[PDB]
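Dropping input_4.cif in here (mmCIF, C-alpha atoms and all ligand atoms):
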data_data
#
loop_
_atom_site.label_atom_id
_atom_site.label_comp_id
_atom_site.auth_asym_id
_atom_site.auth_seq_id
_atom_site.Cartn_x
_atom_site.Cartn_y
_atom_site.Cartn_z
CA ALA A 1 0.54 -57.85 -62.87
CA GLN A 2 2.42 -60.40 -60.77
CA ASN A 3 0.47 -62.94 -58.69
CA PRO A 4 -2.99 -61.77 -59.87
CA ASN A 5 -4.80 -64.60 -58.03
CA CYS A 6 -3.21 -63.37 -54.75
CA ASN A 7 -1.70 -66.74 -53.81
CA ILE A 8 0.52 -67.11 -50.77
CA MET A 9 4.08 -67.33 -52.10
CA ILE A 10 6.93 -69.28 -50.52
CA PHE A 11 10.52 -68.05 -50.84
CA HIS A 12 13.85 -69.85 -50.48
CA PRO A 13 16.55 -67.15 -50.27
CA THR A 14 20.19 -68.13 -50.59
CA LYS A 15 22.55 -67.10 -47.80
CA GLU A 16 23.74 -64.26 -50.08
CA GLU A 17 20.16 -63.11 -50.62
CA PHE A 18 19.55 -63.28 -46.85
CA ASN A 19 22.00 -60.47 -46.08
CA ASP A 20 19.94 -57.42 -47.05
CA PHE A 21 16.51 -57.56 -45.40
CA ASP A 22 14.96 -54.51 -47.09
CA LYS A 23 16.19 -55.62 -50.51
CA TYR A 24 14.63 -59.06 -50.15
CA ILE A 25 11.25 -57.67 -49.03
CA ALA A 26 11.34 -55.45 -52.13
CA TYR A 27 12.22 -58.50 -54.24
CA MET A 28 9.27 -60.49 -52.85
CA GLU A 29 6.95 -57.61 -53.71
CA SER A 30 8.39 -57.39 -57.25
CA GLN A 31 7.10 -60.96 -57.63
CA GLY A 32 3.66 -60.00 -56.31
CA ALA A 33 3.98 -61.59 -52.86
CA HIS A 34 2.16 -58.73 -51.11
CA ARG A 35 -1.02 -59.33 -53.10
CA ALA A 36 -1.73 -62.38 -50.88
CA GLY A 37 -1.31 -60.43 -47.65
CA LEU A 38 1.07 -63.12 -46.35
CA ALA A 39 4.31 -64.80 -47.51
CA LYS A 40 6.45 -67.64 -46.17
CA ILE A 41 10.25 -67.37 -46.13
CA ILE A 42 12.33 -70.48 -45.53
CA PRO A 43 15.82 -69.43 -44.34
CA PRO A 44 19.01 -70.75 -45.99
CA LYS A 45 20.13 -74.13 -44.64
CA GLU A 46 23.28 -72.44 -43.26
CA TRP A 47 21.30 -70.03 -41.08
CA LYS A 48 20.18 -70.34 -37.47
CA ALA A 49 18.42 -68.03 -35.04
CA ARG A 50 20.46 -69.24 -32.05
CA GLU A 51 22.48 -72.31 -31.05
CA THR A 52 19.88 -74.15 -28.92
CA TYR A 53 16.58 -73.63 -27.11
CA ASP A 54 17.72 -75.67 -24.10
CA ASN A 55 17.83 -72.80 -21.58
CA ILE A 56 14.56 -70.90 -22.08
CA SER A 57 12.48 -72.44 -19.28
CA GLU A 58 13.06 -69.60 -16.80
CA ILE A 59 11.53 -66.92 -19.03
CA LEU A 60 8.49 -65.52 -17.20
CA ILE A 61 5.03 -65.26 -18.66
CA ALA A 62 3.86 -62.52 -16.28
CA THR A 63 0.27 -62.55 -17.48
CA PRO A 64 -0.86 -65.73 -19.23
CA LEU A 65 -4.20 -65.20 -21.00
CA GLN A 66 -7.06 -67.70 -20.94
CA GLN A 67 -8.95 -67.36 -24.22
CA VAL A 68 -12.65 -67.84 -23.50
CA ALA A 69 -15.02 -68.11 -26.49
CA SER A 70 -18.62 -67.02 -27.04
CA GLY A 71 -20.84 -67.64 -30.05
CA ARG A 72 -20.97 -70.49 -32.54
CA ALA A 73 -18.28 -72.87 -33.77
CA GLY A 74 -17.61 -70.89 -36.94
CA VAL A 75 -18.45 -67.36 -35.72
CA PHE A 76 -17.28 -66.42 -32.25
CA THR A 77 -15.53 -63.86 -30.12
CA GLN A 78 -12.93 -64.51 -27.44
CA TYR A 79 -12.03 -62.55 -24.35
CA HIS A 80 -8.79 -62.78 -22.44
CA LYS A 81 -8.92 -63.72 -18.77
CA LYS A 82 -5.70 -62.92 -16.91
CA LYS A 83 -4.11 -65.83 -15.05
CA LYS A 84 -1.32 -66.01 -12.48
CA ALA A 85 2.28 -65.76 -13.68
CA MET A 86 4.17 -68.86 -14.73
CA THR A 87 7.55 -69.68 -16.23
CA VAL A 88 7.93 -71.06 -19.75
CA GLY A 89 8.86 -74.41 -18.17
CA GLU A 90 5.61 -74.43 -16.21
CA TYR A 91 3.66 -73.31 -19.28
CA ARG A 92 5.16 -76.09 -21.43
CA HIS A 93 4.15 -78.65 -18.81
CA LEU A 94 0.61 -77.22 -18.79
CA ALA A 95 0.45 -77.29 -22.61
CA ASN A 96 1.38 -80.98 -22.59
CA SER A 97 -1.11 -81.96 -19.87
CA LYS A 98 -4.10 -84.15 -20.71
CA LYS A 99 -6.45 -81.14 -20.43
CA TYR A 100 -4.62 -78.99 -22.97
CA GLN A 101 -2.52 -81.26 -25.21
CA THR A 102 -2.98 -81.67 -28.96
CA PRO A 103 -5.36 -84.54 -29.78
CA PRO A 104 -4.44 -87.50 -32.00
CA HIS A 105 -4.75 -86.47 -35.67
CA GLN A 106 -3.91 -87.78 -39.14
CA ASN A 107 -2.44 -84.63 -40.72
CA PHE A 108 -2.70 -80.82 -40.64
CA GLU A 109 -6.07 -80.91 -42.44
CA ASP A 110 -7.50 -83.31 -39.86
CA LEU A 111 -6.26 -81.08 -37.04
CA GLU A 112 -7.76 -78.01 -38.76
CA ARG A 113 -11.14 -79.76 -38.91
CA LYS A 114 -10.90 -80.55 -35.19
CA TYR A 115 -9.93 -76.97 -34.37
CA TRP A 116 -12.97 -75.40 -36.03
CA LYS A 117 -15.32 -78.10 -34.77
CA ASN A 118 -14.24 -77.91 -31.13
CA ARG A 119 -12.37 -74.66 -30.38
CA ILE A 120 -15.24 -72.86 -28.66
CA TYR A 121 -15.72 -75.64 -26.08
CA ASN A 122 -12.25 -75.13 -24.59
CA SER A 123 -10.29 -72.19 -23.19
CA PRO A 124 -6.58 -72.51 -23.99
CA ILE A 125 -3.99 -70.34 -22.25
CA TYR A 126 -1.65 -68.10 -24.31
CA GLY A 127 1.56 -66.30 -23.32
CA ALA A 128 1.26 -63.30 -25.65
CA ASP A 129 2.95 -59.96 -26.25
CA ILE A 130 5.98 -60.65 -24.06
CA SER A 131 8.67 -58.05 -24.80
CA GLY A 132 11.92 -59.83 -25.59
CA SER A 133 13.92 -61.77 -28.20
CA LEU A 134 15.36 -65.27 -28.64
CA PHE A 135 17.70 -64.30 -31.49
CA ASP A 136 21.38 -64.66 -30.64
CA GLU A 137 23.02 -61.22 -30.71
CA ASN A 138 25.58 -62.66 -33.15
CA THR A 139 22.90 -63.65 -35.67
CA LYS A 140 23.41 -61.02 -38.33
CA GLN A 141 20.72 -61.96 -40.84
CA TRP A 142 16.96 -61.55 -40.28
CA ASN A 143 17.46 -60.88 -36.57
CA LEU A 144 14.08 -59.47 -35.54
CA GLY A 145 15.71 -57.45 -32.74
CA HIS A 146 18.10 -55.71 -35.15
CA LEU A 147 15.72 -54.39 -37.82
CA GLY A 148 15.56 -50.80 -38.97
CA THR A 149 12.94 -49.02 -36.92
CA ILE A 150 9.57 -47.74 -38.12
CA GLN A 151 10.44 -44.35 -36.64
CA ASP A 152 13.59 -44.16 -38.78
CA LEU A 153 11.63 -45.27 -41.85
CA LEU A 154 9.08 -42.49 -41.33
CA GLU A 155 11.93 -40.02 -40.85
CA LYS A 156 13.73 -41.20 -44.00
CA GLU A 157 10.55 -40.98 -46.07
CA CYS A 158 8.82 -37.90 -44.69
CA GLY A 159 11.68 -35.94 -43.12
CA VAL A 160 10.12 -35.73 -39.65
CA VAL A 161 11.88 -37.01 -36.53
CA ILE A 162 9.55 -38.68 -34.03
CA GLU A 163 9.69 -40.25 -30.58
CA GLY A 164 9.04 -43.95 -30.10
CA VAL A 165 10.68 -47.35 -30.20
CA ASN A 166 10.00 -50.67 -31.90
CA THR A 167 11.02 -54.00 -30.22
CA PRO A 168 10.04 -57.66 -30.71
CA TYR A 169 7.47 -59.71 -28.81
CA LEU A 170 7.50 -63.37 -27.83
CA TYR A 171 4.45 -65.63 -28.01
CA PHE A 172 4.19 -68.95 -26.19
CA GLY A 173 1.27 -71.00 -27.49
CA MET A 174 -0.53 -74.28 -26.98
CA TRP A 175 -3.17 -76.29 -28.84
CA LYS A 176 -6.15 -74.11 -29.88
CA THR A 177 -4.59 -70.82 -28.85
CA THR A 178 -6.02 -68.36 -31.30
CA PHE A 179 -5.23 -65.08 -32.98
CA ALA A 180 -8.32 -63.16 -34.05
CA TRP A 181 -8.91 -61.48 -37.43
CA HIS A 182 -6.85 -58.30 -37.61
CA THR A 183 -4.47 -56.12 -39.54
CA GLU A 184 -1.40 -54.68 -37.80
CA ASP A 185 -1.32 -51.37 -35.99
CA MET A 186 -1.34 -48.64 -38.48
CA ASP A 187 -1.66 -51.32 -41.12
CA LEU A 188 2.08 -52.01 -40.76
CA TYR A 189 3.92 -55.10 -41.95
CA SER A 190 4.69 -57.82 -39.46
CA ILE A 191 7.30 -60.54 -39.50
CA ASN A 192 6.91 -63.68 -37.42
CA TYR A 193 9.55 -66.35 -36.74
CA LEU A 194 8.46 -69.71 -35.30
CA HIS A 195 11.40 -70.51 -33.02
CA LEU A 196 10.38 -73.86 -31.58
CA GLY A 197 7.61 -76.44 -31.29
CA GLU A 198 4.39 -77.27 -33.06
CA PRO A 199 3.02 -75.46 -36.13
CA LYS A 200 0.89 -72.35 -36.55
CA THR A 201 -1.89 -72.27 -39.17
CA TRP A 202 -2.65 -68.91 -40.80
CA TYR A 203 -5.64 -67.52 -42.72
CA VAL A 204 -5.29 -64.33 -44.77
CA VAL A 205 -7.43 -62.02 -46.92
CA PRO A 206 -5.70 -60.20 -49.82
CA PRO A 207 -5.24 -56.50 -48.97
CA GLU A 208 -7.20 -55.51 -52.08
CA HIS A 209 -10.23 -57.35 -50.61
CA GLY A 210 -9.94 -56.27 -46.98
CA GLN A 211 -13.15 -54.26 -47.08
CA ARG A 212 -15.06 -57.43 -48.05
CA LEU A 213 -13.96 -59.03 -44.79
CA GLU A 214 -14.91 -55.86 -42.90
CA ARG A 215 -18.41 -55.88 -44.39
CA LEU A 216 -18.97 -59.52 -43.44
CA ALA A 217 -17.64 -58.87 -39.94
CA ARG A 218 -20.15 -56.03 -39.51
CA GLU A 219 -22.95 -58.42 -40.52
CA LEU A 220 -21.75 -61.24 -38.24
CA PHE A 221 -21.00 -59.13 -35.15
CA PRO A 222 -23.73 -56.50 -35.38
CA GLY A 223 -23.62 -55.24 -31.77
CA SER A 224 -19.84 -54.90 -31.89
CA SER A 225 -20.09 -52.98 -35.15
CA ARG A 226 -22.59 -50.52 -33.68
CA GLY A 227 -20.20 -49.96 -30.77
CA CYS A 228 -17.14 -49.17 -32.86
CA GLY A 229 -16.46 -48.27 -36.49
CA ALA A 230 -13.23 -50.28 -36.40
CA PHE A 231 -14.02 -53.10 -33.97
CA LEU A 232 -11.68 -55.62 -35.63
CA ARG A 233 -8.97 -53.46 -33.97
CA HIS A 234 -10.15 -55.08 -30.73
CA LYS A 235 -8.71 -58.38 -31.99
CA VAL A 236 -11.45 -60.60 -30.59
CA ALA A 237 -13.47 -61.83 -33.62
CA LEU A 238 -13.13 -65.22 -35.34
CA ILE A 239 -14.73 -66.40 -38.57
CA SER A 240 -14.04 -69.91 -39.90
CA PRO A 241 -12.86 -70.74 -43.44
CA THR A 242 -16.21 -72.48 -44.02
CA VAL A 243 -18.12 -69.29 -43.18
CA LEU A 244 -15.73 -67.20 -45.32
CA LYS A 245 -16.34 -69.57 -48.25
CA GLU A 246 -20.11 -69.47 -47.72
CA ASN A 247 -19.97 -65.69 -47.99
CA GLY A 248 -17.62 -65.52 -50.97
CA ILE A 249 -14.76 -63.85 -49.09
CA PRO A 250 -11.44 -64.36 -50.89
CA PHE A 251 -8.81 -65.87 -48.59
CA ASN A 252 -5.92 -68.29 -48.39
CA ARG A 253 -4.42 -70.54 -45.75
CA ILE A 254 -1.00 -71.95 -44.93
CA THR A 255 0.73 -73.74 -42.07
CA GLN A 256 3.99 -72.35 -40.66
CA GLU A 257 6.46 -74.80 -39.11
CA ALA A 258 9.38 -74.29 -36.73
CA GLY A 259 12.32 -72.56 -38.41
CA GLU A 260 10.15 -70.59 -40.87
CA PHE A 261 9.37 -66.87 -41.21
CA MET A 262 6.00 -65.41 -42.17
CA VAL A 263 5.58 -61.82 -43.35
CA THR A 264 2.21 -60.09 -43.30
CA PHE A 265 1.79 -57.13 -45.64
CA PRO A 266 0.02 -53.79 -45.08
CA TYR A 267 -3.76 -54.21 -44.67
CA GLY A 268 -3.57 -58.00 -44.99
CA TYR A 269 -6.18 -59.32 -42.54
CA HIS A 270 -5.03 -62.51 -40.85
CA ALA A 271 -6.10 -64.99 -38.17
CA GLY A 272 -4.97 -68.41 -37.04
CA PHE A 273 -4.23 -70.99 -34.37
CA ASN A 274 -1.41 -73.00 -32.80
CA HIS A 275 -1.18 -76.78 -33.13
CA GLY A 276 0.49 -77.41 -29.75
CA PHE A 277 3.25 -75.98 -27.55
CA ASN A 278 5.34 -73.47 -29.47
CA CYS A 279 7.23 -70.19 -29.30
CA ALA A 280 7.13 -67.44 -31.91
CA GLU A 281 8.76 -64.02 -32.10
CA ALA A 282 7.23 -61.13 -34.04
CA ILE A 283 7.68 -57.44 -34.72
CA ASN A 284 6.14 -54.75 -36.91
CA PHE A 285 8.16 -53.04 -39.62
CA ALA A 286 7.70 -50.53 -42.43
CA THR A 287 8.86 -49.86 -45.99
CA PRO A 288 8.34 -46.86 -48.27
CA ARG A 289 5.27 -48.60 -49.75
CA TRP A 290 3.67 -48.77 -46.29
CA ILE A 291 3.37 -44.99 -45.87
CA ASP A 292 0.17 -44.65 -47.92
CA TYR A 293 -1.42 -47.58 -46.05
CA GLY A 294 -0.55 -45.90 -42.75
CA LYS A 295 -2.37 -42.76 -43.92
CA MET A 296 -5.44 -44.87 -44.71
CA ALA A 297 -5.53 -47.06 -41.61
CA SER A 298 -8.90 -47.24 -39.84
CA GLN A 299 -8.70 -46.46 -36.11
CA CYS A 300 -10.57 -47.51 -33.02
CA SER A 301 -11.57 -44.54 -30.88
CA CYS A 302 -14.11 -46.32 -28.64
CA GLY A 303 -11.34 -47.09 -26.18
CA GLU A 304 -11.20 -50.87 -26.50
CA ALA A 305 -8.13 -51.18 -28.74
CA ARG A 306 -5.61 -49.35 -26.49
CA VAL A 307 -2.15 -49.53 -28.08
CA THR A 308 1.51 -48.69 -27.57
CA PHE A 309 3.07 -45.33 -26.84
CA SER A 310 4.73 -45.31 -30.23
CA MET A 311 1.56 -45.37 -32.29
CA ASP A 312 0.81 -41.82 -31.10
CA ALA A 313 3.38 -40.29 -33.42
CA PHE A 314 2.17 -42.36 -36.37
CA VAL A 315 -1.41 -41.08 -36.00
CA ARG A 316 -0.19 -37.56 -35.19
CA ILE A 317 1.89 -37.24 -38.36
CA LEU A 318 0.05 -39.45 -40.87
CA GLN A 319 -3.54 -38.80 -39.71
CA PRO A 320 -3.63 -35.34 -38.10
CA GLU A 321 -7.40 -34.94 -38.60
CA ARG A 322 -8.08 -38.21 -36.75
CA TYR A 323 -5.54 -37.52 -34.01
CA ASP A 324 -7.75 -35.64 -31.50
CA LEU A 325 -10.53 -38.25 -31.53
CA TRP A 326 -8.14 -41.20 -31.48
CA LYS A 327 -6.02 -39.86 -28.61
CA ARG A 328 -9.22 -39.47 -26.58
CA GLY A 329 -9.73 -43.22 -26.98
CA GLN A 330 -6.28 -43.89 -25.53
CA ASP A 331 -6.61 -41.42 -22.66
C1 LIG B 1 -4.91 -47.65 -50.25
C2 LIG B 1 -6.28 -47.49 -50.33
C3 LIG B 1 -7.10 -47.90 -49.29
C4 LIG B 1 -6.54 -48.47 -48.16
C5 LIG B 1 -7.39 -48.90 -47.05
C6 LIG B 1 -8.76 -48.98 -47.03
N1 LIG B 1 -9.11 -49.39 -45.77
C7 LIG B 1 -8.01 -49.54 -45.05
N2 LIG B 1 -6.96 -49.27 -45.80
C8 LIG B 1 -5.16 -48.63 -48.08
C9 LIG B 1 -4.35 -48.22 -49.13
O1 LIG B 2 1.41 -65.50 -33.65
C1 LIG B 2 0.42 -64.89 -33.19
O2 LIG B 2 -0.19 -65.25 -32.15
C2 LIG B 2 -0.08 -63.66 -33.89
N1 LIG B 2 0.90 -63.11 -34.81
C3 LIG B 2 0.59 -62.13 -35.65
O3 LIG B 2 -0.56 -61.72 -35.77
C4 LIG B 2 1.65 -61.53 -36.46
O4 LIG B 2 2.81 -61.99 -36.43
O5 LIG B 2 1.33 -60.56 -37.17
NI NI B 3 -0.65 -59.89 -36.78
ZN ZN B 4 -13.18 -49.72 -30.74
#
Transcribe the structure of this file into structure tokens.
Amino acid sequence: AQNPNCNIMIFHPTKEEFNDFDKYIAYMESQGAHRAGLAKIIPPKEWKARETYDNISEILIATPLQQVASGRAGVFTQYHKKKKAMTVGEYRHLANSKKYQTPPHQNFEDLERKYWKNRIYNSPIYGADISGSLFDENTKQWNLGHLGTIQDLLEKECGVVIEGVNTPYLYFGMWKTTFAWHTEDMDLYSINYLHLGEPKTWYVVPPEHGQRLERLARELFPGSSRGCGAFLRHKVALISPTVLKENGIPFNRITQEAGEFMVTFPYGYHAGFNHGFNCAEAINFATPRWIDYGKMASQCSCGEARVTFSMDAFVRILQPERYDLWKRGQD
């Protein structure tokens, strides 16, 4: 078995290897990359996403989200308070202000220590889930707006044609902006490109140990667990690496820098935070190996999760028994 310790692997494809996206994902898995739940891919030196990022300031963040924490430093939830719209130029200025800017720090480890010590005492503002893309239309390789769709994958694998579409999302972050412990909708893959700015630190639990994280989460957020059998779908719970270690949960960590791709694999729980002003682009995708994970995916039906139009068909076809109860939670 490849990668039995479930380490995060880092790949350096050549420009030739960077042509066929599906083939390279399959290659990474042949080397055991999926066992970690997360992989880093450093693009060929010849590749670029677009020419420059000099003209992005007029992009609108229609609904910036203030991430307000409750709990303890290492075990907390966050809720999202909607703020007034602002442009990316305005957001960047806010990120760099004295109130929100990254503090002085020695290295990534120092900054990580500061994050977990102090995160709950601040409420950073995130521009999340903004439909759009910053890939140049002429970028032919690993263009996240030109990937094969999940709907076509399901059709190729299972022979059923379904409605729905699959487009990328932009994320504008600042110091301490946080993504809660989660797997993707329908336990899909995700791919994330850090276009510009300061790093993003990731934590990940191997897919084969996901239920260990779930059990700890139920213990640490007992009211939430009573309210919903899949409350991590709400994407509001944070658990620090110190608390994971104290409870024997297997996990890994890695920091993503500008110009690098991360791939998360089916049922790989992940969480993390941004170091300072940045912009990432991400999208879900599928492979033939995903189908059985999709069938298995645990669903929120309490109504909190509330997801896209396109997930309907996934639940309808892969989880017909669950479909009635789940759809009630969306409508
Ligand atoms: C195979 C077996 C179990 C799973 C699973 C368990 N819980 C969520 N997903 C996924 C794939
Ligand atoms: O970058 C973020 O804020 C969160 N990203 C993801 O969870 C992802 O790409 O799967
Ligand atoms: Ni994710
Ligand atoms: Zn729920």
Ligand ZN 4 (chain B) neighbours within 9 Å using all atoms listed in the file, as a list in words | residues 224, 225, 227, 228, 229, 230, 231, 232, 233, 234, 299, 300, 301, 302, 303, 304, 305, 306 and 329 of chain A
With distances taken over only C-alpha atoms and all ligand atoms, which of A:293, A:203, A:314, A:76 is nearest to ligand LIG 2 (chain B)?
->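 Nearest to ligand LIG 2 (chain B): A:203.
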Please indicate the distance in Å from atom CA of residue 188 of chain A to atom CA of residue 32 of chain A, rounded to one decimal place.
->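 We find that atom CA of residue 188 of chain A and atom CA of residue 32 of chain A lie 17.6 Å from each other.
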Pick from A:199, A:145, A:89, A:4 nearest to residue 175 of chain A, counting all atoms listed in the file = A:199
Find, counting all atoms listed in the file, the residue in A:46, A:20, A:257, A:321 that gets nearest to ligand LIG 2 (chain B).
->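 Nearest to ligand LIG 2 (chain B): A:257.
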Among the residues A:310, A:255, A:171, A:222, the one that comes closest to ligand NI 3 (chain B) [using only C-alpha atoms and all ligand atoms] |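 Going through A:310, A:255, A:171, A:222 one by one, the smallest distance to ligand NI 3 (chain B) is for A:171.
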So which residues are near ligand LIG 1 (chain B), meaning at most 8 Å away with all atoms listed in the file counted, given back as number ranges by chain?
-> A: 187, 207, 210-211, 266-267, 292-298
Keeping C-alpha atoms, export the residues of the selection given above as a PDB file, keeping the file's coordinate frame.
ATOM      1  CA  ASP A 187      -1.660 -51.320 -41.120  1.00  0.00           C
ATOM      2  CA  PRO A 207      -5.240 -56.500 -48.970  1.00  0.00           C
ATOM      3  CA  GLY A 210      -9.940 -56.270 -46.980  1.00  0.00           C
ATOM      4  CA  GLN A 211     -13.150 -54.260 -47.080  1.00  0.00           C
ATOM      5  CA  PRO A 266       0.020 -53.790 -45.080  1.00  0.00           C
ATOM      6  CA  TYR A 267      -3.760 -54.210 -44.670  1.00  0.00           C
ATOM      7  CA  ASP A 292       0.170 -44.650 -47.920  1.00  0.00           C
ATOM      8  CA  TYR A 293      -1.420 -47.580 -46.050  1.00  0.00           C
ATOM      9  CA  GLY A 294      -0.550 -45.900 -42.750  1.00  0.00           C
ATOM     10  CA  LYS A 295      -2.370 -42.760 -43.920  1.00  0.00           C
ATOM     11  CA  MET A 296      -5.440 -44.870 -44.710  1.00  0.00           C
ATOM     12  CA  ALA A 297      -5.530 -47.060 -41.610  1.00  0.00           C
ATOM     13  CA  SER A 298      -8.900 -47.240 -39.840  1.00  0.00           C
TER      14      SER A 298
END
With a distance cut-off of 12 Å and all atoms listed in the file, select the neighbouring residues of residue 180 of chain A, excluding the residue or stretch itself and same-chain residues fewer than 4 positions from it, and output the selection as a PyMOL selection string.
-> chain A and resi 67+69+75-80+176+184+202-204+217+231-240+269-273
In terms of the shortest atom-to-atom distance over all atoms listed in the file, which of A:182, A:15, A:34, A:226 is closest to ligand NI 3 (chain B)?
->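 Ranked by minimum distance to ligand NI 3 (chain B), first place goes to A:182.
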Using only C-alpha atoms and all ligand atoms, which residue out of A:98, A:200, A:23, A:245 lies closest to ligand LIG 2 (chain B)?
->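 Among A:98, A:200, A:23, A:245, it is A:200 that comes nearest to ligand LIG 2 (chain B).
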As an mmCIF file with C-alpha atoms, keeping the file's coordinate frame, please: the residues near residue 57 of chain A (cut-off 9 Å, all atoms listed in the file, same-chain neighbours under 6 positions excluded).
data_model
loop_
_atom_site.group_PDB
_atom_site.id
_atom_site.type_symbol
_atom_site.label_atom_id
_atom_site.label_comp_id
_atom_site.auth_asym_id
_atom_site.auth_seq_id
_atom_site.Cartn_x
_atom_site.Cartn_y
_atom_site.Cartn_z
ATOM 1 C CA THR A 87 7.550 -69.680 -16.230
ATOM 2 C CA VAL A 88 7.930 -71.060 -19.750
ATOM 3 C CA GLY A 89 8.860 -74.410 -18.170
ATOM 4 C CA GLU A 90 5.610 -74.430 -16.210
ATOM 5 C CA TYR A 91 3.660 -73.310 -19.280
ATOM 6 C CA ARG A 92 5.160 -76.090 -21.430
#
Write out as a PyMOL selection string each polymer residue (protein, DNA or RNA) that has an atom no more than 9 Å from ligand LIG 2 (chain B), with all atoms listed in the file counted.
-> chain A and resi 126+128-129+170-173+177-184+189-194+200+202+262-264+270-274+279-284
Between atom CA of residue 148 of chain A and atom CA of residue 163 of chain A lies a distance of 14.7 Å
Sel. within 12 Å of pt (0.4, -39.9, -35.3), counting only C-alpha atoms, output as a ChimeraX atom specification | /A:151,154,160-164,185-186,294-295,297,299,308-327
So which residues are close to (9.6, -75.6, -28.6), meaning at most 8 Å away in the file's coordinates with all atoms listed in the file counted, and can you show them as a PDB file with C-alpha atoms, in the coordinates of the input?
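Output contents, as saved in result08.pdb:
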ATOM      1  CA  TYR A  53      16.580 -73.630 -27.110  1.00  0.00           C
ATOM      2  CA  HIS A 195      11.400 -70.510 -33.020  1.00  0.00           C
ATOM      3  CA  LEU A 196      10.380 -73.860 -31.580  1.00  0.00           C
ATOM      4  CA  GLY A 197       7.610 -76.440 -31.290  1.00  0.00           C
ATOM      5  CA  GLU A 198       4.390 -77.270 -33.060  1.00  0.00           C
ATOM      6  CA  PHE A 277       3.250 -75.980 -27.550  1.00  0.00           C
ATOM      7  CA  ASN A 278       5.340 -73.470 -29.470  1.00  0.00           C
ATOM      8  CA  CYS A 279       7.230 -70.190 -29.300  1.00  0.00           C
TER       9      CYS A 279
END
Take atom CA of residue 243 of chain A and atom CA of residue 74 of chain A and report the distance between them in Å, one decimal.
->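 Interatomic distance here is 6.5 Å.
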Can you list, as a list in words, every protein, DNA or RNA residue that comes within 7 Å of residue 10 of chain A when you count only C-alpha atoms, leaving out same-chain residues fewer than 2 positions away?
->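 Counting only C-alpha atoms, the residues come to residues 8, 12, 39, 40 and 41 of chain A.
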Mind writing the picked residues with C-alpha atoms as an mmCIF file, in the coordinates of the input?
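Wrote result38.cif, looks like this:
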data_model
loop_
_atom_site.group_PDB
_atom_site.id
_atom_site.type_symbol
_atom_site.label_atom_id
_atom_site.label_comp_id
_atom_site.auth_asym_id
_atom_site.auth_seq_id
_atom_site.Cartn_x
_atom_site.Cartn_y
_atom_site.Cartn_z
ATOM 1 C CA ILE A 8 0.520 -67.110 -50.770
ATOM 2 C CA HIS A 12 13.850 -69.850 -50.480
ATOM 3 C CA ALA A 39 4.310 -64.800 -47.510
ATOM 4 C CA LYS A 40 6.450 -67.640 -46.170
ATOM 5 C CA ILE A 41 10.250 -67.370 -46.130
#
Please define a box with edges along x, y and z of the file around all atoms of segment 79-85 of chain A given in the file, extend it by 3 Å on each side, and return its centre and edge lengths in Å to one decimal, as JSON.
{"center_x": -4.9, "center_y": -64.3, "center_z": -18.4, "size_x": 20.3, "size_y": 9.5, "size_z": 17.9}
Can you tell me, as a list in words, what residues are no more than 9 Å from residue 121 of chain A when counting all atoms listed in the file, ignoring any on the same chain fewer than 2 positions away?
-> residues 68, 69, 73, 118, 119 and 123 of chain A
